[PDB]
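Structural characterization, general
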Amino acid sequence: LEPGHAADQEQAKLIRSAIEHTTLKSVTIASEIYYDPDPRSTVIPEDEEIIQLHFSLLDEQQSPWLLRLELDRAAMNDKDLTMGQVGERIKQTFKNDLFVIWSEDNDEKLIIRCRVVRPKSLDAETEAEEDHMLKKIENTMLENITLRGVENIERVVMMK
Amino acid sequence: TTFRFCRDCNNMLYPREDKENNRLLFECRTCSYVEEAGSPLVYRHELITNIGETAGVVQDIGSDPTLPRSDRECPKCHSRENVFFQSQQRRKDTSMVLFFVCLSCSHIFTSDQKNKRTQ
Amino acid sequence: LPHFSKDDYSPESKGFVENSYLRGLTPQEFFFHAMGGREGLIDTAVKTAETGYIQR
Amino acid sequence: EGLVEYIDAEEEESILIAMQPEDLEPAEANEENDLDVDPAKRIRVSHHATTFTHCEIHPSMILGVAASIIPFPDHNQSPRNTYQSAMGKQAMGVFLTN
Amino acid sequence: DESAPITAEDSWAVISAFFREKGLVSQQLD
Amino acid sequence: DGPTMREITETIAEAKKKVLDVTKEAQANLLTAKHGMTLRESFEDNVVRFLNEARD
Amino acid sequence: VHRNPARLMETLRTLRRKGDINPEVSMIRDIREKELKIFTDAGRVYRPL
Amino acid sequence: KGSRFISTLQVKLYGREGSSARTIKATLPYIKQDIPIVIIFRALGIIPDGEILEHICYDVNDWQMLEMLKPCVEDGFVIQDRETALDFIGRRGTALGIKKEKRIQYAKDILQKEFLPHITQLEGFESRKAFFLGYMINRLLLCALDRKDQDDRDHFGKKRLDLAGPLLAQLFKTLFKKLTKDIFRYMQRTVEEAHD
RNA sequence: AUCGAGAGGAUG
DNA sequence: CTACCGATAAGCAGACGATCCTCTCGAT
DNA sequence: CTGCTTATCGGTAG
Ligand SMILES: [Zn+2]
Ligand SMILES: [Zn+2]
């Protein structure tokens with residue numbers, strides 16, 4: 001610790017959960033792909049209000065293939081994370097070439113939803129497939145995304 | 001998940017978008033055959049998994065000697081007869097929860113007193 | 001050991017000898033005890049070779 | 001006559017061997033903490049499973065030809081038991097009558 | 001009484017029976 | 001000493017029966033995992049000590 | 001494959017425990033895997049019992 | 001009862017946890033490379049996918065099982081026929097074109113002899129060896145998903161003991177056989193002469 | 001005498 | 001829009017494996 | 001279980 005603090009354990013916590021490596025993979029229940037065509041009206045009924053929020057036009061598409069991510073209520077309590085911080089780091093990685101949404105911490109089911117975007121206008125040749133590059137992003141997502149802290153650093157202990 | 005196979009030539013199916021009308025169509029790279037879609041779920045990974053837990057359970061287990069037998073009660077039939085064991089999902093991080101199989105009813109239940117279960 | 005039910009995690013099952021050398025060991029106990037001592041010899045046998053490769 | 005069955009290591013997997021013929025299936029007393037027992041006698045794990053298939057001959061029979069030479073092997077720290085085993089074989093005696 | 005089970009001692013006779021038969025290098029012979 | 005003897009085993013009695021209680025916690029998933037370690041692990045540890053500490 | 005090793009087993013073991021099927025041969029029923037290997041390899045260590 | 005032809009086989013699984021495509025191949029004795037399981041099945045005589053998966057997975061429910069096999073299937077669309085299923089199995093040198101049918105008659109009995117010599121080594125068995133090769137796979141996977149542990153190696157009942165008998169055999173066989181072609185080597189020098 | 005193999009002894 | 005000529009990974013297998021003693025036994 | 005061996009990633013001249 002910084003000499004300017006000694007036995008303030010609440011300080012030590014701040015440091016621990018700003019050191020400890022935390023990959024998105026470590027908080028993912030089940031990563032699933034869907035064919036959702038109508039971005040306004042989602043086919044899945046577990047998300048009836050997400051999907052009912054999203055206040056666009058303030059301001060002011062599209063993408064055919066979905067990608068979902070269920071997250072555990074469990075390890076949200078341990079490593080300290082609000083769903084938003086998650087979402088933003090996801091977007092921060094690809095930039096403006098993927099849409100992103102999420103439910104609030106208060107809700108019962110914590111979830112993410114994404115859709116590839118959006119190469120048009122000045123083109124070249126061979127316009128096909130796309131489903132293979134979709135998986136390579138759910139694959140890059142789990143195993144190349146950082147959330148908080150430095151790499152090479154696993155479990156971190158509060159020894160006195 | 002569940003994906004499906006074609007008749008006629010019996011190979012695997014590889015999904016395709018219906019450009020015009022917005023829907024999903026499986027098909028094989030063997031002949032031409034195309035059926036329509038079931039549930040919109042195409043791919044699922046899962047990293048944490050609740051099945052693999054109960055594996056093996058038969059109608060012949062209530063005779064295996066190499067398995068404990070304790071004083072529980074069946075939520076349904078009340079007979080004190082049973083065997084149990086810890087998740088046969090031999091992963092490193094799994095819980096240490098007991099899985100009771102009723103003899104007198106072949107009903108399956110758990111020790112866990114928090115956490116929901118749907119078998 | 002096959003004299004045990006499956007998924008038994010308490011002391012007697014996983015290699016804890018209650019009784020003292022005076023009172024004497026019990027059948028399982030003895031084997032277990034044997035199981036570790038056996039590690040004792042293992043090291044003084046060919047882990048010395050390293051220790052002596054170091055010196056050299 | 002069906003009293004003994006030659007049991008192999010693998011087959012060892014599906015069985016539940018008792019340890020003491022008599023005191024591994026008589027009746028209940030129970031004896032664990034109840035008056036009274038011999039203070040000086042050792043503490044036997046007990047029988048707590050009751051679904052057995054087999055039964056062990058006599059424990060002592062896990063030992064080998066030089067190991068059974070030891071008296072009270074179960075009161076010695078193992079390596080002592082093992083250590084002797086190597087010497088019984090350079091000790092001196094009647095190595096054959098002829 | 002011929003009905004009753006083995007006990008402590010009786011276990012041993014079964015052993016002797018074994019060695020009476022196979023002797024001691026049985027495996028090496030067999 | 002006779003009365004000392006009773007006491008020793010009667011102190012491997014309660015120092016074994018404390019383990020049957022943490023076992024019967026973890027088996028009904030109340031045992032909360034120590035930050036850093038697996039569930040099974042915190043248990044594994046919880047016990048090892050409880051037995052050493054009983055012996056000493 | 002076999003279907004219903006409820007009796008198949010018990011009339012395998014009854015035959016061995018009469019001397020009919022060699023008492024040296026080992027017979028492994030596995031409830032939890034739904035298997036039945038049978039062994040007759042030269043080099044199997046057994047005991048009593 | 002057939003000497004000591006230790007002909008060893010290995011089913012592998014490429015890419016560690018979270019890799020891209022988890023392709024499954026195999027060590028086949030007398031051939032240079034590892035060969036995707038799907039081609040191997042084809043080269044046997046089970047041609048269609050989704051029947052392929054019927055020698056491997058045994059419960060058309062447990063899906064994670066089934067899902068793991070995707071990339072294998074997608075490896076062997078390049079080979080679909082009884083015939084050229086054995087063509088891939090041809091690369092172990094260069095036939096130089098001279099052996100186009102005969103490399104099959106090489107690949108044909110390689111899956112008679114060297115591949116799983118037990119089960120049988122006869123001619124007309126293929127569905128015996130498939131279901132088994134389909135049983136090697138159900139185990140391989142039924143571990144990777146972490147449903148049952150890695151196989152122990154210090155387990156006693158899964159090792160054997162070469163006592164004096166089979167020792168002598170593993171020796172006598174050898175010597176007798178050596179005496180056997182000492183007679184052959186004396187015969188080629190008879191007639192020639194008589195003799196007697 | 002020489003090369004090669006095995007068993008044991010002290011650190012155990 | 002291309003080879004270019006450079007660095008870094010993804011690894012080539014690598015020469016090593018305590019001390020000193022005592023016996024016995026088979027082969028050039 | 002090191003130091004040397006052998007094949008790709010790509011930031012600049014041509
Ligand atoms: Zn088709
Ligand atoms: Zn019931």
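To be clear, the structure that these remarks concern was listed above.
Residues numbered from 1 in each chain as written, not as in the entry; some residues may be left out. Chains lettered and ligands numbered in written order. Part of a larger assembly, values for the part shown. Heavy atoms only, no water.

1. So, the pairing of strand β5 (residues 99-102) of chain B
Remember that side chains alternate between the two faces of the sheet whenever the strand is regular. All names here are of chain B. Burial along β5 is two-sided: the face carrying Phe99 and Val101 and the face carrying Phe100 and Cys102 are both buried. Here strand β4 (residues 82-83) pairs with β5 via two bridges, running antiparallel. Across the sheet, the residue bridging to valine 83 is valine 101, located in β5. As defined by bridge partners, β5 adjoins strand β6 (residues 108-110) across three bridges and the pair is classed as antiparallel. (Buried < 20%, exposed > 50% of the residue type's maximum accessible area, 1.4 Å probe, protein only. Helix = DSSP H or I, 4+ residues; strand = E, 2+ residues; numbered from the N terminus. Pairing = 2+ DSSP bridges.)

2. Section: the protein's contact with DNA strand J
Residues and elements named next belong to chain C. Taken together, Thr48, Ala49, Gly52 and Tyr53 are the residues near DNA strand J. At a separation of 3.4 Å, a sugar or linking oxygen of DNA strand J approaches a polar backbone atom of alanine 49. Taken together, the residues of the surface near DNA strand J break down into two nonpolar, two polar and no charged. (Near = heavy atom within 4 Å. Polar contact = N/O pair within 3.5 Å; in protein donor to acceptor, adjacent residues only side chain to side chain. Nonpolar A, V, L, I, M, F, W, Y, C, P; charged D, E, K, R; others polar.)

3. Side note on a negative patch on the surface
A contiguous patch of negative charge, built from D:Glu22, D:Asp23, D:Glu28, D:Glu31, D:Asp34, E:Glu9 and E:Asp10, is present on the exposed surface. Assignment of secondary structure puts E:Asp10 in the segment before α1 (11-22). (Patch = residues over 30% accessible without salt bridge, like charges linked within 9 Å, V, L, I, M, F, W, Y side chains within 5 Å. Areas by Shrake-Rupley, 256 points an atom, 1.4 Å probe, with all protein chains shown as cover. Salt bridge = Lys/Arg side-chain N within 4 Å of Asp/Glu carboxyl O. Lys, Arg positive; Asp, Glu negative; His and termini not counted. Charge placed at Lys NZ, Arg CZ, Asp CG, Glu CD.)

4. Considering the packing of aromatic side chains
Counting across every chain of the model gives eight aromatic pairs over all chains. Ring centres of B:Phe84 and B:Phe100 lie 5.3 Å apart, and the angle between their planes is 70°; on these two criteria the pair is classed as edge-to-face. Of the two residues, B:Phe84 sits in the loop between β4 and β5 while B:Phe100 sits in strand β5, which places them 16 residues apart along the sequence. Measuring from centroid to centroid gives 5.3 Å for E:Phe18 and E:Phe19, while their planes differ by 80°, and the two rings are edge-to-face. Taking the relative accessible area as the measure of exposure, E:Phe18 reaches 39% and is therefore partly exposed. One aromatic cluster is present, built from ring pairs that chain together B:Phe84, B:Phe100 and B:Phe109. Lying over the aromatic face of G:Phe39, H:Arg160 brings its terminal NZ or CZ to 5.2 Å of the ring centre. (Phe/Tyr/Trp six-rings, centres within 6.5 Å; stacked < 30°, edge-to-face > 60°. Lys NZ or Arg CZ within 6 Å of the ring centre and 35° of its normal.)

5. Let's talk about the coordination of the zinc ion (ligand 1)
Residue and element names in this part refer to chain B. Distances from the zinc ion (ligand 1) to its protein donors, namely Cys6 (SG), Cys9 (SG) and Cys28 (SG), fall within the range 2.1 to 2.6 Å. Considered as a linear motif, the donors of the zinc ion (ligand 1) on their single chain read C-x2-C-x18-C. You can see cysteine 9 sitting in the segment before β1 (16-17) and its partner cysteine 28 sitting in the loop between β2 (24-25) and β3 (41-44), a full 19 residues away along the chain. According to the relative accessible area criterion, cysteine 28 is buried, its value standing at 1%. (Donors = N, O, S within 2.8 Å, 3.2 Å for Na, K, Ca; no water.)

6. Describing the coordination of the zinc ion (ligand 2)
Residues and elements named next belong to chain B. Around the zinc ion (ligand 2), the protein contributes the donor atoms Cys77 (SG) and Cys105 (SG), which lie 2.1 to 2.2 Å from the metal centre. Of this pair, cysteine 77 sits in the loop between β3 and β4 while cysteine 105 sits in the loop between β5 and β6, placing them 28 residues apart in sequence. When its relative accessible area of 32% is taken as the criterion, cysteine 77 is described as partly exposed.

7. Quick word on the packing of helix α1 (residues 2-17) of chain F against helix α2 (residues 19-26) of chain F
Residues and elements named next belong to chain F. Contact geometry of α1 with α2 gives a least axis separation of 4 Å together with a crossing angle of 5°. What the angle tells us is that α1 and α2 run roughly parallel. Of α2, the residues touching α1 (which contributes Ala15, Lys16 and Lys17) are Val19, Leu20 and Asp21. Taken together, the residues of the contact of α1 with α2 sort by class into three nonpolar, no polar and three charged. (Axes fitted to C-alpha atoms, helices over the stretch in contact; angles between N-to-C directions. Parallel < 35°, antiparallel > 145°, perpendicular 65-115°, else oblique. Contact = heavy atoms within 4.5 Å.)

8. Describing the state of the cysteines
Residue and element names in this part refer to chain B. Counted by the stated rule, this structure contains one disulfide over all chains. With a sulfur-sulfur separation of 2.0 Å, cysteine 102 is cross-linked through a disulfide to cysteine 105. Judged by relative accessible area, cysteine 102 falls into the buried class, the value being 2%. Among the residues examined, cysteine 105 registers a relative accessible area of 29% and is labelled partly exposed. (Disulfide = S-S within 2.5 Å.)

9. Some words on the pattern of salt bridges
Summed over all chains, the structure comprises 39 salt bridges over all chains. Of the charged contacts in the structure, one is a salt bridge between E:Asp30 and E:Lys22, with a shortest N-O distance of 3.9 Å. Judged by its relative accessible area of 29%, E:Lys22 is partly exposed. Across the pair H:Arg139 and G:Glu35 runs a salt bridge whose closest N-O atoms are separated by 4.0 Å. Pair noted here: H:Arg139 is in helix α6 (residues 127-144) and G:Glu35 is in strand β2 (residues 35-39), and the two residues belong to different chains. We classify H:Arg139 as partly exposed; its relative accessible area is 38%. Here G:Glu35 falls in the partly exposed class, since its relative accessible area comes to 24%. Within this structure, A:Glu32, A:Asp36, A:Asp47, A:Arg68, A:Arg113, A:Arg115, B:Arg44 and B:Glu46 form a network of salt bridges that share partners.

10. Overview of the sheet that holds strand β3 (residues 98-102) of chain A
A sheet is described by the order of its strands in space; here five strands give the open sequence β3(A)-β4(A)-β2(A)-β1(A)-β3(B), paired in antiparallel fashion. Where the open sheet ends on each side, the last strands, each with one partner, are β3 of chain A together with β3 of chain B. Direction aside, the axes of adjacent strands within the sheet are offset by 20° on average. Its contacts with the sheet place helix α4 (residues 131-144) of chain A against β1 (28-34), β2 (68-71) and β4 (110-116) of chain A together with β3 of chain B, and it is angled at close to 165° to β1(A).

11. Some points on the interface of chain D and chain C
In this complex, chain D contributes 26 residues to the contact, which on the side of chain C involves 21 residues. Interface area for chain D against chain C, summed over the two sides, is near 2,000 Å², with a carbon-plus-sulfur share of 63%. The three residues of chain D that bury the most area against chain C are D:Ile43, D:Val45 and D:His75, which together make up 24% of that side's buried surface. For the pair chain D and chain C, the interface holds zero salt bridges. Applying the counting criterion to the chain D and chain C interface returns nine residue pairs in polar contact. (Buried area = accessible area lost by both parts, 1.4 Å probe.)

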